[PDB]
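Text of the file entry13.csv, holding CSV, N, CA and C atoms:
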```csv
chain,number,residue,atom,x,y,z
A,1,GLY,N,-18.6,12.0,13.0
A,1,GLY,CA,-17.8,12.5,11.9
A,1,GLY,C,-18.6,13.2,10.9
A,2,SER,N,-18.1,13.2,9.6
A,2,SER,CA,-18.7,13.8,8.5
A,2,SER,C,-18.8,15.4,8.6
A,3,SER,N,-18.0,16.0,7.8
A,3,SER,CA,-17.8,17.4,7.8
A,3,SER,C,-17.9,17.9,6.3
A,4,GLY,N,-16.8,17.8,5.5
A,4,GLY,CA,-16.8,18.2,4.1
A,4,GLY,C,-15.3,18.5,3.7
A,5,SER,N,-15.1,18.9,2.4
A,5,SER,CA,-13.8,19.3,1.9
A,5,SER,C,-14.1,20.1,0.6
A,6,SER,N,-13.5,21.3,0.5
A,6,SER,CA,-13.5,22.1,-0.7
A,6,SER,C,-12.2,22.8,-0.8
A,7,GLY,N,-11.2,22.4,-1.6
A,7,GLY,CA,-10.0,23.1,-1.8
A,7,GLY,C,-9.2,22.3,-2.9
A,8,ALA,N,-9.4,22.6,-4.1
A,8,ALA,CA,-8.7,22.0,-5.2
A,8,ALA,C,-7.2,22.5,-5.2
A,9,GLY,N,-6.3,21.7,-5.9
A,9,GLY,CA,-4.9,22.0,-5.9
A,9,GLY,C,-4.1,20.7,-5.8
A,10,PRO,N,-4.0,19.9,-6.9
A,10,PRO,CA,-3.1,18.8,-7.0
A,10,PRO,C,-1.7,19.3,-6.9
A,11,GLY,N,-0.8,18.4,-6.6
A,11,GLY,CA,0.6,18.8,-6.4
A,11,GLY,C,1.5,17.5,-6.2
A,12,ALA,N,2.8,17.7,-6.3
A,12,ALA,CA,3.8,16.7,-6.3
A,12,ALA,C,4.8,17.0,-5.1
A,13,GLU,N,4.2,17.1,-3.9
A,13,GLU,CA,5.0,17.1,-2.7
A,13,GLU,C,5.1,15.7,-2.1
A,14,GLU,N,6.1,15.4,-1.3
A,14,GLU,CA,6.1,14.5,-0.2
A,14,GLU,C,5.3,15.2,0.9
A,15,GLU,N,4.4,14.6,1.5
A,15,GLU,CA,3.6,15.1,2.7
A,15,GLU,C,3.6,14.1,3.8
A,16,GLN,N,2.9,14.4,4.9
A,16,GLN,CA,2.7,13.4,6.0
A,16,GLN,C,1.6,12.5,5.6
A,17,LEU,N,1.7,11.2,5.8
A,17,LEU,CA,0.8,10.2,5.5
A,17,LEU,C,0.5,9.4,6.7
A,18,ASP,N,-0.8,9.1,7.0
A,18,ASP,CA,-1.2,8.2,8.2
A,18,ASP,C,-0.8,6.8,7.8
A,19,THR,N,0.2,6.3,8.4
A,19,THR,CA,0.8,5.0,8.1
A,19,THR,C,-0.2,3.9,8.6
A,20,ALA,N,-0.9,4.1,9.7
A,20,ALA,CA,-1.8,3.1,10.2
A,20,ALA,C,-3.0,3.0,9.3
A,21,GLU,N,-3.4,4.1,8.7
A,21,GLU,CA,-4.5,4.2,7.7
A,21,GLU,C,-4.1,3.6,6.4
A,22,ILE,N,-2.9,3.9,5.9
A,22,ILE,CA,-2.4,3.2,4.7
A,22,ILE,C,-2.3,1.7,4.9
A,23,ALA,N,-1.8,1.3,6.0
A,23,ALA,CA,-1.6,0.0,6.4
A,23,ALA,C,-3.0,-0.7,6.4
A,24,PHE,N,-4.0,-0.1,7.1
A,24,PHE,CA,-5.4,-0.5,7.2
A,24,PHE,C,-5.9,-0.7,5.7
A,25,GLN,N,-6.1,0.5,5.0
A,25,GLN,CA,-6.7,0.6,3.7
A,25,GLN,C,-6.1,-0.4,2.7
A,26,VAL,N,-4.7,-0.7,2.7
A,26,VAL,CA,-4.1,-1.7,1.9
A,26,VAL,C,-4.7,-3.1,2.2
A,27,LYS,N,-4.7,-3.5,3.5
A,27,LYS,CA,-5.3,-4.8,3.9
A,27,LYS,C,-6.7,-4.9,3.4
A,28,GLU,N,-7.5,-3.8,3.6
A,28,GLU,CA,-8.9,-3.8,3.1
A,28,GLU,C,-8.9,-4.0,1.6
A,29,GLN,N,-8.2,-3.3,0.8
A,29,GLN,CA,-8.2,-3.4,-0.7
A,29,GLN,C,-7.7,-4.8,-1.1
A,30,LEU,N,-6.7,-5.4,-0.5
A,30,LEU,CA,-6.2,-6.7,-0.8
A,30,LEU,C,-7.4,-7.6,-0.5
A,31,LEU,N,-8.0,-7.6,0.7
A,31,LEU,CA,-9.1,-8.4,1.1
A,31,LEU,C,-10.3,-8.3,0.1
A,32,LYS,N,-10.5,-7.0,-0.4
A,32,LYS,CA,-11.6,-6.6,-1.3
A,32,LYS,C,-11.6,-7.6,-2.5
A,33,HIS,N,-10.5,-8.1,-2.9
A,33,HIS,CA,-10.3,-9.0,-4.1
A,33,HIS,C,-9.5,-10.2,-3.7
A,34,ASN,N,-9.3,-10.5,-2.4
A,34,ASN,CA,-8.7,-11.6,-1.8
A,34,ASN,C,-7.2,-11.7,-2.2
A,35,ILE,N,-6.5,-10.6,-2.3
A,35,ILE,CA,-5.1,-10.6,-2.8
A,35,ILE,C,-4.2,-10.9,-1.6
A,36,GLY,N,-2.9,-11.4,-1.9
A,36,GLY,CA,-2.0,-11.7,-0.8
A,36,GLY,C,-0.9,-10.6,-0.7
A,37,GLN,N,-0.4,-10.3,0.5
A,37,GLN,CA,0.6,-9.4,0.9
A,37,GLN,C,1.9,-9.5,0.1
A,38,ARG,N,2.4,-10.8,-0.2
A,38,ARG,CA,3.6,-10.9,-0.9
A,38,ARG,C,3.6,-10.3,-2.3
A,39,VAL,N,2.6,-10.6,-3.1
A,39,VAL,CA,2.5,-10.0,-4.5
A,39,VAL,C,2.4,-8.5,-4.4
A,40,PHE,N,1.6,-8.0,-3.5
A,40,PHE,CA,1.5,-6.5,-3.3
A,40,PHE,C,2.9,-5.9,-2.9
A,41,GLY,N,3.6,-6.5,-1.9
A,41,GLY,CA,4.9,-6.0,-1.5
A,41,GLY,C,6.0,-6.3,-2.5
A,42,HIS,N,5.9,-7.3,-3.3
A,42,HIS,CA,6.8,-7.6,-4.3
A,42,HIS,C,6.7,-6.6,-5.5
A,43,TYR,N,5.5,-6.3,-5.9
A,43,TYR,CA,5.3,-5.5,-7.1
A,43,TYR,C,5.3,-4.0,-6.7
A,44,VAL,N,4.2,-3.6,-5.9
A,44,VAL,CA,3.9,-2.2,-5.6
A,44,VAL,C,5.0,-1.7,-4.7
A,45,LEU,N,5.5,-2.5,-3.8
A,45,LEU,CA,6.5,-2.0,-2.8
A,45,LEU,C,7.9,-2.3,-3.3
A,46,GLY,N,8.2,-3.5,-3.8
A,46,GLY,CA,9.5,-3.9,-4.2
A,46,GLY,C,10.3,-4.5,-3.0
A,47,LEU,N,9.7,-4.9,-1.9
A,47,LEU,CA,10.3,-5.4,-0.7
A,47,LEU,C,10.0,-6.9,-0.7
A,48,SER,N,10.6,-7.6,0.3
A,48,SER,CA,10.1,-8.9,0.6
A,48,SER,C,8.8,-9.0,1.3
A,49,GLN,N,8.1,-10.1,1.2
A,49,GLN,CA,6.9,-10.5,2.0
A,49,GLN,C,7.1,-10.1,3.4
A,50,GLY,N,8.1,-10.6,4.1
A,50,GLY,CA,8.4,-10.4,5.5
A,50,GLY,C,8.6,-8.9,5.8
A,51,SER,N,9.2,-8.1,4.9
A,51,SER,CA,9.4,-6.7,5.0
A,51,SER,C,8.0,-6.0,5.1
A,52,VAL,N,7.2,-6.0,4.0
A,52,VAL,CA,5.9,-5.3,4.1
A,52,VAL,C,5.0,-5.8,5.2
A,53,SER,N,5.0,-7.1,5.5
A,53,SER,CA,4.2,-7.7,6.6
A,53,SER,C,4.5,-6.9,7.9
A,54,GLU,N,5.8,-6.6,8.2
A,54,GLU,CA,6.2,-5.8,9.4
A,54,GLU,C,5.5,-4.5,9.3
A,55,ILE,N,5.6,-3.8,8.1
A,55,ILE,CA,5.1,-2.5,8.0
A,55,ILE,C,3.6,-2.5,8.2
A,56,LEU,N,2.9,-3.5,7.8
A,56,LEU,CA,1.4,-3.7,7.9
A,56,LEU,C,1.1,-4.0,9.3
A,57,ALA,N,1.9,-4.7,10.0
A,57,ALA,CA,1.8,-5.1,11.4
A,57,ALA,C,2.0,-3.8,12.3
A,58,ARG,N,3.1,-3.1,12.1
A,58,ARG,CA,3.7,-2.1,13.0
A,58,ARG,C,4.0,-0.8,12.1
A,59,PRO,N,3.0,-0.1,11.7
A,59,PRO,CA,3.1,1.1,10.9
A,59,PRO,C,3.6,2.3,11.7
A,60,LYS,N,4.9,2.3,12.0
A,60,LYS,CA,5.5,3.3,12.8
A,60,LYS,C,5.2,4.7,12.2
A,61,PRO,N,5.3,5.7,13.1
A,61,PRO,CA,4.9,7.1,12.8
A,61,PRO,C,5.6,7.6,11.5
A,62,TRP,N,4.9,8.4,10.7
A,62,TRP,CA,5.5,8.9,9.5
A,62,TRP,C,6.8,9.7,9.9
A,63,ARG,N,6.7,10.6,10.9
A,63,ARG,CA,7.8,11.3,11.5
A,63,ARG,C,8.9,10.4,12.0
A,64,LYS,N,8.7,9.1,12.3
A,64,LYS,CA,9.7,8.2,12.7
A,64,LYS,C,10.4,7.6,11.6
A,65,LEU,N,9.7,7.4,10.4
A,65,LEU,CA,10.3,6.6,9.3
A,65,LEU,C,11.3,7.5,8.6
A,66,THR,N,12.3,6.9,8.0
A,66,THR,CA,13.3,7.5,7.1
A,66,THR,C,12.8,7.6,5.7
A,67,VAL,N,13.5,8.1,4.7
A,67,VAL,CA,13.0,8.0,3.3
A,67,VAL,C,12.9,6.5,2.9
A,68,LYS,N,13.9,5.7,3.3
A,68,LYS,CA,13.8,4.2,3.1
A,68,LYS,C,12.7,3.5,3.9
A,69,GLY,N,12.1,4.2,4.9
A,69,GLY,CA,10.9,3.8,5.6
A,69,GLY,C,9.6,4.3,5.0
A,70,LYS,N,9.6,5.5,4.4
A,70,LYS,CA,8.5,6.1,3.7
A,70,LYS,C,8.3,5.6,2.3
A,71,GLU,N,9.3,5.0,1.7
A,71,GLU,CA,9.4,4.4,0.4
A,71,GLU,C,8.1,3.6,0.1
A,72,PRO,N,7.9,2.5,0.9
A,72,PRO,CA,6.7,1.7,0.7
A,72,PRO,C,5.4,2.5,0.9
A,73,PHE,N,5.3,3.3,2.0
A,73,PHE,CA,4.1,4.0,2.3
A,73,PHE,C,3.7,5.0,1.2
A,74,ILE,N,4.7,5.7,0.5
A,74,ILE,CA,4.4,6.6,-0.6
A,74,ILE,C,3.7,5.7,-1.7
A,75,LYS,N,4.4,4.6,-2.1
A,75,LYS,CA,3.9,3.7,-3.1
A,75,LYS,C,2.4,3.2,-2.7
A,76,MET,N,2.2,2.9,-1.5
A,76,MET,CA,0.9,2.4,-1.0
A,76,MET,C,-0.1,3.5,-1.0
A,77,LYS,N,0.1,4.7,-0.5
A,77,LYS,CA,-0.9,5.7,-0.5
A,77,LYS,C,-1.2,6.1,-1.9
A,78,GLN,N,-0.2,6.1,-2.9
A,78,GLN,CA,-0.4,6.4,-4.3
A,78,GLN,C,-1.3,5.3,-4.9
A,79,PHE,N,-1.0,4.1,-4.6
A,79,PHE,CA,-1.9,2.9,-5.0
A,79,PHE,C,-3.3,3.2,-4.5
A,80,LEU,N,-3.5,3.6,-3.3
A,80,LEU,CA,-4.9,3.9,-2.7
A,80,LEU,C,-5.5,5.2,-3.3
A,81,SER,N,-4.7,6.1,-4.0
A,81,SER,CA,-5.3,7.2,-4.7
A,81,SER,C,-6.0,6.8,-6.0
A,82,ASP,N,-6.0,5.5,-6.4
A,82,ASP,CA,-6.7,5.1,-7.6
A,82,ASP,C,-6.9,3.6,-7.5
A,83,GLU,N,-8.2,3.2,-7.4
A,83,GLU,CA,-8.7,1.8,-7.3
A,83,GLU,C,-8.2,0.9,-8.5
A,84,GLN,N,-7.9,1.4,-9.7
A,84,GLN,CA,-7.4,0.6,-10.8
A,84,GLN,C,-6.0,-0.1,-10.4
A,85,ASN,N,-5.3,0.5,-9.4
A,85,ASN,CA,-4.1,-0.1,-9.0
A,85,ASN,C,-4.3,-1.5,-8.4
A,86,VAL,N,-5.4,-1.7,-7.5
A,86,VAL,CA,-5.7,-3.0,-6.9
A,86,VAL,C,-6.2,-3.9,-8.0
A,87,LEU,N,-7.0,-3.4,-8.9
A,87,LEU,CA,-7.7,-4.2,-9.9
A,87,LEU,C,-6.6,-4.8,-10.8
A,88,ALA,N,-5.6,-4.1,-11.2
A,88,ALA,CA,-4.5,-4.6,-11.9
A,88,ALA,C,-3.7,-5.7,-11.1
A,89,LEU,N,-3.6,-5.5,-9.8
A,89,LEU,CA,-2.9,-6.4,-8.9
A,89,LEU,C,-3.6,-7.8,-8.8
A,90,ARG,N,-4.9,-7.8,-9.1
A,90,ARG,CA,-5.7,-9.1,-9.0
A,90,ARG,C,-5.2,-10.0,-10.1
A,91,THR,N,-4.8,-9.5,-11.3
A,91,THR,CA,-4.2,-10.3,-12.3
A,91,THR,C,-2.9,-11.0,-11.8
A,92,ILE,N,-2.1,-10.2,-11.1
A,92,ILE,CA,-0.8,-10.7,-10.7
A,92,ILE,C,-1.0,-11.8,-9.7
A,93,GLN,N,-2.0,-11.8,-8.8
A,93,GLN,CA,-2.3,-12.8,-7.9
A,93,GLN,C,-2.7,-14.2,-8.5
A,94,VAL,N,-3.2,-14.1,-9.8
A,94,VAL,CA,-3.3,-15.3,-10.6
A,94,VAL,C,-1.9,-15.7,-11.1
A,95,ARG,N,-1.2,-14.8,-11.7
A,95,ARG,CA,0.2,-14.9,-12.3
A,95,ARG,C,1.3,-14.9,-11.3
A,96,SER,N,1.1,-15.3,-10.1
A,96,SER,CA,2.1,-15.5,-9.0
A,96,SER,C,2.8,-16.8,-9.2
A,97,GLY,N,2.5,-17.6,-10.2
A,97,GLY,CA,2.9,-19.0,-10.2
A,97,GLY,C,1.9,-19.7,-11.2
A,98,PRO,N,2.0,-21.0,-11.3
A,98,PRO,CA,1.2,-21.8,-12.3
A,98,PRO,C,-0.3,-21.9,-11.9
A,99,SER,N,-1.1,-20.9,-12.0
A,99,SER,CA,-2.5,-20.9,-11.9
A,99,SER,C,-3.0,-21.4,-13.3
A,100,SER,N,-2.9,-22.8,-13.5
A,100,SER,CA,-3.0,-23.5,-14.8
A,100,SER,C,-1.9,-23.1,-15.7
A,101,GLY,N,-1.8,-23.8,-16.8
A,101,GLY,CA,-1.2,-23.3,-18.1
A,101,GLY,C,-2.4,-23.4,-19.0
```

Could you render the structure as structure tokens?
Amino acid sequence: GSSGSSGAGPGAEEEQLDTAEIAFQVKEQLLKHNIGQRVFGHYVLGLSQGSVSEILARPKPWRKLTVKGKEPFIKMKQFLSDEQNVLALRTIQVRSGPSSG
């Protein structure tokens, strides 16, 4: 691999997103700071634990998913557009319950 990229132009489209890559990269970033899928799916996604866990297990084709299928993946790929998103999630993994008073 290794090629390059040169083409500036930020934008606010919905586009096609590699769901298996988002799924992968999320698991990586959670592991990067040892975070759990529930807190990620509860905050970032707004789904149940069991819901995002399926999406992380079985990241069906972007073309297969509905808007209500793409909803999490949009939020996830946006999360992965900036590392501060995971850094802020580390706090929540403390504040998931009584990590002391």

As a list in words, please: the residues near segment 54-58 of chain A (cut-off 6 Å, all atoms listed in the file, same-chain neighbours under 3 positions excluded).
residues 23, 50 and 51 of chain A

Counting only C-alpha atoms, which residues come within 6 Å of (5.5, -12.3, 1.4), with the point read in the file's coordinates, and could you list them as a short mmCIF file (atom, residue, chain, number, x, y, z; two decimals) with N, CA and C atoms, in the coordinates of the input?
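Now in part_10.cif:
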```
data_model
loop_
_atom_site.label_atom_id
_atom_site.label_comp_id
_atom_site.auth_asym_id
_atom_site.auth_seq_id
_atom_site.Cartn_x
_atom_site.Cartn_y
_atom_site.Cartn_z
N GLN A 37 -0.40 -10.30 0.50
CA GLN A 37 0.60 -9.40 0.90
C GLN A 37 1.90 -9.50 0.10
N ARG A 38 2.40 -10.80 -0.20
CA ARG A 38 3.60 -10.90 -0.90
C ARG A 38 3.60 -10.30 -2.30
N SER A 48 10.60 -7.60 0.30
CA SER A 48 10.10 -8.90 0.60
C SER A 48 8.80 -9.00 1.30
N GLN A 49 8.10 -10.10 1.20
CA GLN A 49 6.90 -10.50 2.00
C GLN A 49 7.10 -10.10 3.40
N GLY A 50 8.10 -10.60 4.10
CA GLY A 50 8.40 -10.40 5.50
C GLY A 50 8.60 -8.90 5.80
#
```

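Relative to atom N of residue 75 of chain A, atom N of residue 63 of chain A is found at 14.5 Å.
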
In terms of the shortest atom-to-atom distance over only N, CA and C atoms, which of A:34, A:101, A:26, A:92 is closest to residue 77 of chain A?
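Looking at the shortest contact to residue 77 of chain A, the residue is A:26.
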
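Put simply, atom CA of residue 90 of chain A is 13.7 Å away from atom C of residue 41 of chain A.
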
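When the distance limit is 8 Å and only N, CA and C atoms are what count, the residues near segment 14-18 of chain A, minus those fewer than 2 positions from it on the same chain, are residues 11, 12, 20, 21, 22, 23, 24, 59, 60, 61, 62, 63, 73, 74 and 77 of chain A.
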
Find the residue from A:28, A:72, A:2, A:100 that sits nearest to residue 86 of chain A; use only C-alpha atoms when measuring.
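Using only C-alpha atoms, the shortest distance to residue 86 of chain A belongs to A:28.
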
Quote the spacing between atom CA of residue 94 of chain A and atom CA of residue 43 of chain A in Å to one decimal place.
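Atom-to-atom, atom CA of residue 94 of chain A and atom CA of residue 43 of chain A are spaced 13.5 Å apart.
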
List as a PyMOL selection string the protein and nucleic acid residues near residue 87 of chain A, meaning an atom at most 8 Å away when only N, CA and C atoms are counted, but skip any in the same chain fewer than 4 places from it.
chain A and resi 29+33+82-83+91-92

Between A:44, A:30, A:36, A:97, which one has atoms that come closest to residue 76 of chain A, using only C-alpha atoms?
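Of A:44, A:30, A:36, A:97, the one nearest residue 76 of chain A is A:44, counting only C-alpha atoms.
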